[PDB]
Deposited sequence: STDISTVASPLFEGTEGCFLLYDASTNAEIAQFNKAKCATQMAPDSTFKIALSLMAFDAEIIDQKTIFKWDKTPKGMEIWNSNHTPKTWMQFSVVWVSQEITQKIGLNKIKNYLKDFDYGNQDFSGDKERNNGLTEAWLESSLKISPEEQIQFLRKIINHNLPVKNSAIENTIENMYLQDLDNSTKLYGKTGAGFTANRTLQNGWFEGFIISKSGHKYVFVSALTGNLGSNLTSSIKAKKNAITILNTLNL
């Protein structure tokens, strides 16, 4: 386990940040920054779409071809104001799609999947009575970076009781770009403000796959006072990419 504080500290300055990079298959910790913050559960926010995507594909309520029909009313981010696909749901963090999906899957099945996924505190209660559509959004559901790492491992290792295609479709939909050395970056951002505080939580997590197909999981996460502009995930992602490019995996 390489302590990457020298590289990661400056990137997370002004926040309580952390970074974990694990070998997917072996669970070898490859790089870590701030294990204390890594153990701290916080709301997954949009990174919950990783889990939801698995559920939605597994429950067969979506296919890659599914078009989520926008209700034609403003959703809060312009990119959300359009029809979406499971891919763009992920890419653009289209929460209304998530909310359609959770309503379709239903709380019972979500709870079952949370068990299957060993997903953090598995608390989907939300709140009123809004768990089904809000529980992952700076609400009841919490998961730590370390737990996210293990969840991610389970996904890419196909160590989840879901359809293989659910896993692969979800991973595919998380594809973002190649890193500098052509390592594949799959990831998902999440951001939110801490309940009752001005603090922001940010995540960027996912998978990297080397040119030779070697799989790693990583989580970049932070909580910090970043002001009124919700940029925590932007920072988490930029930091993850900086770190990942430095690690040259």
- Missing segments of the deposited chain sequence, listed N- to C-terminal: 128-129
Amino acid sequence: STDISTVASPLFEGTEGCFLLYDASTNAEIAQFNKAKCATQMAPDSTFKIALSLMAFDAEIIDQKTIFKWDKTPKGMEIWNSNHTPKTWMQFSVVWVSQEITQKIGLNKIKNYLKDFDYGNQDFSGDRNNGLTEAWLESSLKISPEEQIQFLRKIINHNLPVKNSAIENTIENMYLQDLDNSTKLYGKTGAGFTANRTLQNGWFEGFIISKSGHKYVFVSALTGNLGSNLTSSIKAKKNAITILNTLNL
From here on, numbers count along this sequence of modelled residues.
- Which of 10-18 and 232-240 has higher mean CA B factor, as the PDB entry lists it: 10-18
- Message: I need to verify one thing: averaged over C-alpha atoms only, is the B-factor higher for 86-94 or for 159-167?
- Response: 159-167
- Which one of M55, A191, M42, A31 shows the biggest C-alpha B-factor in the PDB entry? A31
- Kindly indicate the residue among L132, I101, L114, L137 with the greatest C-alpha B-factor in the PDB record. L132
- Item | Third of the chain's Cα B-factor distribution that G126 belongs to, per the entry | highest
- Message: Per the entry's values, where does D63 land by CA temperature factor relative to the rest of its chain, in the lowest, middle or highest third?
- Response: middle
- Task: State the tercile, meaning the lowest, middle or highest third, of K142 with respect to the CA B-factors recorded for its chain.
- Result: lowest
- Task: For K49, return the chain-relative third of its C-alpha B-factor as stated in the PDB record: lowest, middle or highest.
- Result: lowest
- Note on the structure: For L199, the third of its chain by CA B-factor is the middle
